[PDB]
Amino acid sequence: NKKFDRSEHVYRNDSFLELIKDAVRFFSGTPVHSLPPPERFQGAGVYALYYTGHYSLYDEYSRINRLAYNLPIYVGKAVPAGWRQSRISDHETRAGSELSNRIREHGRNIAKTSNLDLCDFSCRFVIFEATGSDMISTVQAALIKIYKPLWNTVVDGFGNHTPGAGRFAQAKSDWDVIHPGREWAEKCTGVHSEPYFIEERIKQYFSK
């Protein structure tokens, strides 16, 4: 006899959406640092990378980001391996220095390229700590959706590591073709994209 009405069981997303936007605004007001920042620190969380230099493909950023760090070229997260399943949802006291280490690592990948200068990059980051560490993937995904950062949405590959012995069959990523060279990328020998079409995709990113 009891009446069933699905909509009476549906959680309304409005406050959660307001909270995510507040988290983005908190993110935006945090200190911009050099890439990598001047000190190591503990914590997991979310980071953005900004470009303000004049490498020709990217030199529009020197205008977009002339007056404020507005537009990231890249957004990522760093969490301890304990929160990635193998197998668990979240297992341990505290999670060490993933964010700092992941940022420093981007800094060395960039220092390895010839056509990019580390001095043209800055970074913002937010540490999410206890229960708030549940927000990390949501804030990373909201920034990617708001900003559509070039190295997340158009030119893939920046965040990848060595593929793993005998999986050097696939091609190198669009990021490695226009930014040689990490040693490991020289190995791929699939047919990678052509610089030209990567460049046309970049130019497209910037006209809309």
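Quick note: we count residues from 1 along the sequence shown, nothing fancier.
Comparing 89 to 97 with 122 to 130, the higher mean C-alpha B-factor in the PDB entry belongs to 89 to 97.
Look at the C-alpha B-factors of 179 to 187 and of 135 to 143. On average they run higher in 179 to 187. Ranking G53, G43, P163, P37 by the C-alpha B-factor listed in the PDB entry places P163 at the top. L116 sits in the middle third of its chain by CA B factor, as recorded in the PDB entry. When the CA B factors of the chain's modelled residues are split into thirds, the value for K172 lands in the highest one. The deposited CA B-factor of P80 belongs to the highest third of values across its chain.
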